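This document starts with one chain, in the form deposited without this ligand, laid out as structure tokens.
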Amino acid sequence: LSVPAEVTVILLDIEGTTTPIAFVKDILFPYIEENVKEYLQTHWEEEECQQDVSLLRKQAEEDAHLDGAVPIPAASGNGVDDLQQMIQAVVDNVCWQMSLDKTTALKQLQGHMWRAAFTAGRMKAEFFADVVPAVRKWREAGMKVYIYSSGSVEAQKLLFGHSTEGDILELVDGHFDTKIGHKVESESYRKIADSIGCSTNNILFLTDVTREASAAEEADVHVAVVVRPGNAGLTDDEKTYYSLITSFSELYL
């Protein structure tokens, strides 16, 4: 509710915090499965696509020992029939990776597919209505705003640049993804403070998952747990312990 005087930075989680879980789980990711075949058929000749496929081919070789692993075989020739089979293998492999737990090869192709979806106006990133107005006010009040999500930074930029509220990239000072560390590790938050160029105690982290909130608290970061429609429930003790907010408007600077 009321932010300590020492906070100069607000760090924001995305899923379940600024954006509904339903958008991420039921729209953003399913889009990839629905579109990977068409995307590969359409853009196969693009240098970037050839590079993405090479990365997935290398990853497929590394995963060959796994039960259920889908190989991405060497081509038989270079005719449209050979291409059809190759594309089906890449498609099957992408779907298999997604069906299991998130390799760099998979994320790389996903980011390029989303670039087309968002840039062409096929999809918009959903934000809860209280987010943009509060953020604008926080910045007016001098707060810096950074994002921390397991979603790649490149994908995060697409979400803010094509939101249901228009292009809101200017509302963000910087982005962090798993390259700086995993969200349930306190060391990640110590590195985030270093990257931003502040102290851990200058940060207020808003997130919906308690395991992330507790990791951040262990790093001497201030935390508030955000409750949105569809979030995993909080235990009684958690509701008592953590400062809860159901809207960004509830934060007072």
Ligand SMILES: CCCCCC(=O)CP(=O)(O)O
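Don't overthink the numbering: it's just position in the shown sequence, from 1.
Omitted here: the form deposited with this ligand bound. The next part is about that form.
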item: Whether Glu15, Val24 and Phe29 all lie within 4.5 angstroms of this ligand in the entry with it bound by heavy atom; value: yes
item: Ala105, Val90, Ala155, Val135 - the one with a heavy atom within 4.5 Å of this ligand in the entry with it bound; value: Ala155
item: Answer range among 77-85, 124-132, 145-153, 167-175 for contact with this ligand, defined in the entry with it bound as heavy atoms within 4.5 Å; value: 145-153
item: 4.5 Å heavy atom contact, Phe160 and this ligand in the entry with it bound; value: no
item: Stretch 182-221: residues contacting this ligand in the entry with it bound, 4.5 Å heavy atom cut-off; value: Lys183
